[PDB]
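Working notes, beginning with the structure itself.
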Amino acid sequence: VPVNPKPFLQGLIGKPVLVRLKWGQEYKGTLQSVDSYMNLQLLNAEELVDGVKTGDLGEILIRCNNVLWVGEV
RNA sequence: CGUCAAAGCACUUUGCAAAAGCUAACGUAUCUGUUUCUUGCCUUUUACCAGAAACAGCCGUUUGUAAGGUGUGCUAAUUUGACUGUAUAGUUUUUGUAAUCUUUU
C-alpha cells in the first residue's frame, strides 16, 4: 500500500529524525515544520560528522538543495 | 494588451509643392476645344457626320509640407512610432555536485 513523500513527512513531524547532506554530514533532531519543498527545520540538533558529535547548535533550518537523506531514530 | 520615444489632440481654412521610378483604374466617373489627316451630308463660311494621330483645356482625386481657424486639454488627453515583451527555487541554461587536498613540469 503506497506511502508518498508528502504524507511521509507529514507523519514524520515531531519524532526523532536523522538526515544527511551531500557532503557527508548527518544531523539528528526532532522536526517542527515541512514546506512544499521539503526544506527541513530542526530543534535541539547535534551534528554527527563521520559518526562523531562536533557541536550542539539547537534551532536549525537546512536549505533543501543539500539534503541527501531523510529517515528515522 | 504591455513597455520606451516623440508629439498637445481631434475637427477644420488657405498657401506652396509634388502624383507610371518594375504594365497600370491619380477618376471602377467622363466632356469641350485646337492642329494634321482621312471619309460623310453639302455649296455660303460658320454650325455639323464619325474614325485616326499630336497636342490642349475643364469638372474632380491623393499625398507631403507651412501657416492658421473651432472644440478641448497645456496640475492632462490623444495620436504616432519603436521594441531581443511574460514570472519557472523540484531533471536540458538564472537559487549551484559544490567544497577541499596532493603530486608532476
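Here, A, B, ... name the chains of the C-alpha cells in the order displayed, residue numbers run from 1 inside each chain, and ligands are numbered from 1 in the same displayed order.
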I need the contact residues of chain A against chain B, so if you could list those with any atom within 12 Å, counting only C-alpha atoms (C1' of nucleotides), and return them as a PDB file with N, CA, C and O atoms, in the first residue's frame, that would help.
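Written file, out.pdb:
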```
ATOM      1  N   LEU A  21      23.612  15.194   4.506  1.00  0.00           N
ATOM      2  CA  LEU A  21      23.793  16.179   3.447  1.00  0.00           C
ATOM      3  C   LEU A  21      24.514  15.506   2.287  1.00  0.00           C
ATOM      4  O   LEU A  21      24.834  14.317   2.350  1.00  0.00           O
ATOM      5  N   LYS A  22      24.767  16.267   1.227  1.00  0.00           N
ATOM      6  CA  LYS A  22      25.566  15.777   0.104  1.00  0.00           C
ATOM      7  C   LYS A  22      27.056  15.683   0.444  1.00  0.00           C
ATOM      8  O   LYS A  22      27.809  15.017  -0.268  1.00  0.00           O
ATOM      9  N   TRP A  23      27.475  16.339   1.527  1.00  0.00           N
ATOM     10  CA  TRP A  23      28.895  16.450   1.868  1.00  0.00           C
ATOM     11  C   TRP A  23      29.290  15.557   3.052  1.00  0.00           C
ATOM     12  O   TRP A  23      30.301  15.809   3.710  1.00  0.00           O
ATOM     13  N   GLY A  24      28.495  14.520   3.320  1.00  0.00           N
ATOM     14  CA  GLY A  24      28.834  13.520   4.333  1.00  0.00           C
ATOM     15  C   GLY A  24      28.152  13.702   5.678  1.00  0.00           C
ATOM     16  O   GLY A  24      27.760  12.719   6.308  1.00  0.00           O
ATOM     17  N   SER A  36       6.475  22.842   1.206  1.00  0.00           N
ATOM     18  CA  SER A  36       6.174  22.104  -0.019  1.00  0.00           C
ATOM     19  C   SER A  36       7.454  21.628  -0.709  1.00  0.00           C
ATOM     20  O   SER A  36       7.440  20.630  -1.429  1.00  0.00           O
ATOM     21  N   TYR A  37       8.551  22.351  -0.483  1.00  0.00           N
ATOM     22  CA  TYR A  37       9.868  21.975  -0.999  1.00  0.00           C
ATOM     23  C   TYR A  37      10.702  21.223   0.039  1.00  0.00           C
ATOM     24  O   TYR A  37      11.921  21.431   0.117  1.00  0.00           O
ATOM     25  N   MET A  38      10.057  20.343   0.819  1.00  0.00           N
ATOM     26  CA  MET A  38      10.725  19.635   1.917  1.00  0.00           C
ATOM     27  C   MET A  38      11.422  20.630   2.850  1.00  0.00           C
ATOM     28  O   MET A  38      10.889  20.939   3.916  1.00  0.00           O
ATOM     29  N   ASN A  39      12.597  21.124   2.447  1.00  0.00           N
ATOM     30  CA  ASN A  39      13.242  22.271   3.095  1.00  0.00           C
ATOM     31  C   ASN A  39      13.130  22.231   4.628  1.00  0.00           C
ATOM     32  O   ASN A  39      12.312  22.933   5.224  1.00  0.00           O
ATOM     33  N   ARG A  63      18.782  24.342   3.980  1.00  0.00           N
ATOM     34  CA  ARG A  63      18.325  24.559   2.602  1.00  0.00           C
ATOM     35  C   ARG A  63      18.098  23.211   1.935  1.00  0.00           C
ATOM     36  O   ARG A  63      18.853  22.263   2.155  1.00  0.00           O
ATOM     37  N   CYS A  64      17.070  23.138   1.097  1.00  0.00           N
ATOM     38  CA  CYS A  64      16.621  21.860   0.558  1.00  0.00           C
ATOM     39  C   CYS A  64      17.530  21.290  -0.539  1.00  0.00           C
ATOM     40  O   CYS A  64      17.351  20.142  -0.957  1.00  0.00           O
ATOM     41  N   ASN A  65      18.496  22.082  -1.000  1.00  0.00           N
ATOM     42  CA  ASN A  65      19.439  21.638  -2.027  1.00  0.00           C
ATOM     43  C   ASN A  65      20.378  20.543  -1.543  1.00  0.00           C
ATOM     44  O   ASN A  65      20.672  19.597  -2.276  1.00  0.00           O
ATOM     45  N   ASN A  66      20.838  20.680  -0.303  1.00  0.00           N
ATOM     46  CA  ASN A  66      21.913  19.844   0.227  1.00  0.00           C
ATOM     47  C   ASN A  66      21.437  18.525   0.822  1.00  0.00           C
ATOM     48  O   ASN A  66      22.238  17.611   1.021  1.00  0.00           O
ATOM     49  N   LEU A  68      20.417  15.007   1.307  1.00  0.00           N
ATOM     50  CA  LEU A  68      20.596  13.749   0.591  1.00  0.00           C
ATOM     51  C   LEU A  68      19.622  12.685   1.111  1.00  0.00           C
ATOM     52  O   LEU A  68      19.043  11.929   0.331  1.00  0.00           O
TER      53      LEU A  68
END
```
(request) Using only C-alpha atoms (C1' of nucleotides), determine which residues lie at most 9 Å from segment 17-19 of chain A, disregarding the query and same-chain residues fewer than 4 positions distant; provide the list as a list in words. (result) residues 12, 13, 25, 26, 27, 28, 29, 30, 31, 42, 67, 68, 69, 70, 71, 72 and 73 of chain A
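We find atom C1' of residue 55 of chain B and atom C1' of residue 42 of chain B to be spaced 29.7 Å apart.
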(request) Would you list, as a ChimeraX atom specification, the residues of chain A that end up in strand (DSSP E) under DSSP run on this structure's backbone? (result) /A:16-20,26-35,38-48,53-61
Can you write out the residues you just picked, keeping C-alpha atoms, as a short mmCIF file (atom, residue, chain, number, x, y, z; two decimals), in the first residue's frame?
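As a result, out39.cif now contains:
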```
data_model
loop_
_atom_site.label_atom_id
_atom_site.label_comp_id
_atom_site.auth_asym_id
_atom_site.auth_seq_id
_atom_site.Cartn_x
_atom_site.Cartn_y
_atom_site.Cartn_z
CA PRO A 16 13.35 12.00 16.27
CA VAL A 17 14.91 12.17 12.77
CA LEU A 18 18.37 11.91 11.18
CA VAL A 19 19.15 13.48 7.78
CA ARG A 20 22.41 13.56 5.81
CA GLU A 26 24.39 13.78 9.13
CA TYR A 27 22.30 15.69 11.70
CA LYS A 28 19.82 14.22 14.20
CA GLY A 29 16.93 16.05 15.89
CA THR A 30 13.15 16.43 16.16
CA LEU A 31 11.20 18.04 13.30
CA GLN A 32 8.90 21.09 13.59
CA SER A 33 7.80 22.08 10.08
CA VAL A 34 7.97 20.93 6.45
CA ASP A 35 7.47 23.20 3.40
CA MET A 38 10.73 19.63 1.92
CA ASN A 39 13.24 22.27 3.10
CA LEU A 40 13.76 20.98 6.64
CA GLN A 41 13.65 22.60 10.09
CA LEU A 42 15.17 21.10 13.27
CA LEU A 43 15.44 21.79 17.01
CA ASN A 44 17.96 20.53 19.58
CA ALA A 45 20.22 19.24 16.80
CA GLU A 46 23.64 17.63 17.29
CA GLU A 47 25.91 17.40 14.24
CA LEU A 48 27.32 13.89 13.69
CA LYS A 53 29.49 14.60 17.55
CA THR A 54 31.03 18.01 16.82
CA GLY A 55 28.78 20.86 18.02
CA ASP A 56 25.34 21.05 19.63
CA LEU A 57 23.62 24.00 17.92
CA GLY A 58 19.89 23.84 18.77
CA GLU A 59 17.38 25.52 16.43
CA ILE A 60 18.12 24.93 12.73
CA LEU A 61 16.97 25.17 9.13
#
```
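Our summary of the geometry notes that atom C1' of residue 34 of chain B is positioned 14.4 Å from atom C1' of residue 58 of chain B.
Using only C-alpha atoms (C1' of nucleotides), the protein and nucleic acid residues lying no more than 12 Å from residue 50 of chain B, apart from those fewer than 4 places from it along its own chain, are residues 38, 39 and 40 of chain B.
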How would the residues just picked look written out with N, CA, C and O atoms (P, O5', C5', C4', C3', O3' and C1' of nucleotides) as a PDB file, in the first residue's frame?
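Dumped everything to out_2.pdb:
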```pdb
ATOM      1  P     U B  38      -5.757  63.904 -96.675  1.00  0.00           P
ATOM      2  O5'   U B  38      -6.054  62.341 -96.606  1.00  0.00           O
ATOM      3  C5'   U B  38      -7.352  61.813 -96.910  1.00  0.00           C
ATOM      4  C4'   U B  38      -7.733  60.760 -95.901  1.00  0.00           C
ATOM      5  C3'   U B  38      -9.167  60.272 -95.990  1.00  0.00           C
ATOM      6  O3'   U B  38      -9.328  59.334 -97.051  1.00  0.00           O
ATOM      7  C1'   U B  38      -8.663  60.771 -93.744  1.00  0.00           C
ATOM      8  P     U B  39     -10.122  59.758 -98.379  1.00  0.00           P
ATOM      9  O5'   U B  39     -11.261  60.724 -97.822  1.00  0.00           O
ATOM     10  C5'   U B  39     -12.638  60.596 -98.234  1.00  0.00           C
ATOM     11  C4'   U B  39     -13.377  59.609 -97.353  1.00  0.00           C
ATOM     12  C3'   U B  39     -14.892  59.761 -97.331  1.00  0.00           C
ATOM     13  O3'   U B  39     -15.495  59.064 -98.412  1.00  0.00           O
ATOM     14  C1'   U B  39     -14.090  59.669 -95.114  1.00  0.00           C
ATOM     15  P     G B  40     -16.843  59.621 -99.055  1.00  0.00           P
ATOM     16  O5'   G B  40     -17.812  59.727 -97.798  1.00  0.00           O
ATOM     17  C5'   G B  40     -18.855  60.709 -97.782  1.00  0.00           C
ATOM     18  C4'   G B  40     -19.784  60.487 -96.613  1.00  0.00           C
ATOM     19  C3'   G B  40     -21.030  61.362 -96.631  1.00  0.00           C
ATOM     20  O3'   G B  40     -22.085  60.682 -97.315  1.00  0.00           O
ATOM     21  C1'   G B  40     -19.864  61.683 -94.594  1.00  0.00           C
TER      22        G B  40
END
```
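Coordinates place atom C1' of residue 91 of chain B at a distance of 22.5 Å from atom CA of residue 8 of chain A.
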For the helix (DSSP H, G or I) assignment from backbone DSSP, which residues of chain A qualify? Please present them as a PDB file with N, CA, C and O atoms, in the first residue's frame.
```pdb
ATOM      1  N   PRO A   5       5.886  10.815  -0.405  1.00  0.00           N
ATOM      2  CA  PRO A   5       6.815  11.684   0.340  1.00  0.00           C
ATOM      3  C   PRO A   5       6.174  12.783   1.196  1.00  0.00           C
ATOM      4  O   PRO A   5       6.641  13.029   2.310  1.00  0.00           O
ATOM      5  N   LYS A   6       5.139  13.448   0.684  1.00  0.00           N
ATOM      6  CA  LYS A   6       4.417  14.445   1.482  1.00  0.00           C
ATOM      7  C   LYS A   6       3.776  13.788   2.712  1.00  0.00           C
ATOM      8  O   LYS A   6       4.108  14.155   3.839  1.00  0.00           O
ATOM      9  N   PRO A   7       2.874  12.802   2.504  1.00  0.00           N
ATOM     10  CA  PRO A   7       2.312  12.062   3.642  1.00  0.00           C
ATOM     11  C   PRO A   7       3.361  11.502   4.605  1.00  0.00           C
ATOM     12  O   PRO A   7       3.121  11.464   5.813  1.00  0.00           O
ATOM     13  N   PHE A   8       4.502  11.070   4.070  1.00  0.00           N
ATOM     14  CA  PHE A   8       5.596  10.553   4.892  1.00  0.00           C
ATOM     15  C   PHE A   8       6.170  11.633   5.807  1.00  0.00           C
ATOM     16  O   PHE A   8       6.382  11.388   6.994  1.00  0.00           O
ATOM     17  N   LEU A   9       6.412  12.821   5.258  1.00  0.00           N
ATOM     18  CA  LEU A   9       6.946  13.940   6.044  1.00  0.00           C
ATOM     19  C   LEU A   9       5.888  14.635   6.897  1.00  0.00           C
ATOM     20  O   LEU A   9       6.224  15.320   7.865  1.00  0.00           O
ATOM     21  N   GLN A  10       4.618  14.469   6.534  1.00  0.00           N
ATOM     22  CA  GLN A  10       3.513  14.945   7.364  1.00  0.00           C
ATOM     23  C   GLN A  10       3.308  14.050   8.594  1.00  0.00           C
ATOM     24  O   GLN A  10       2.762  14.498   9.603  1.00  0.00           O
ATOM     25  N   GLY A  11       3.738  12.790   8.500  1.00  0.00           N
ATOM     26  CA  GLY A  11       3.697  11.853   9.627  1.00  0.00           C
ATOM     27  C   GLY A  11       4.994  11.769  10.419  1.00  0.00           C
ATOM     28  O   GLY A  11       5.005  11.253  11.539  1.00  0.00           O
ATOM     29  N   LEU A  12       6.086  12.270   9.843  1.00  0.00           N
ATOM     30  CA  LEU A  12       7.402  12.233  10.490  1.00  0.00           C
ATOM     31  C   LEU A  12       7.556  13.378  11.492  1.00  0.00           C
ATOM     32  O   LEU A  12       8.254  13.241  12.497  1.00  0.00           O
TER      33      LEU A  12
END
```
(request) Just the residues within 12 Å of residue 61 of chain B, please, counting only C-alpha atoms (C1' of nucleotides), with nothing from its chain fewer than 3 positions along; format it as number ranges by chain. (result) B: 19, 26-27, 29
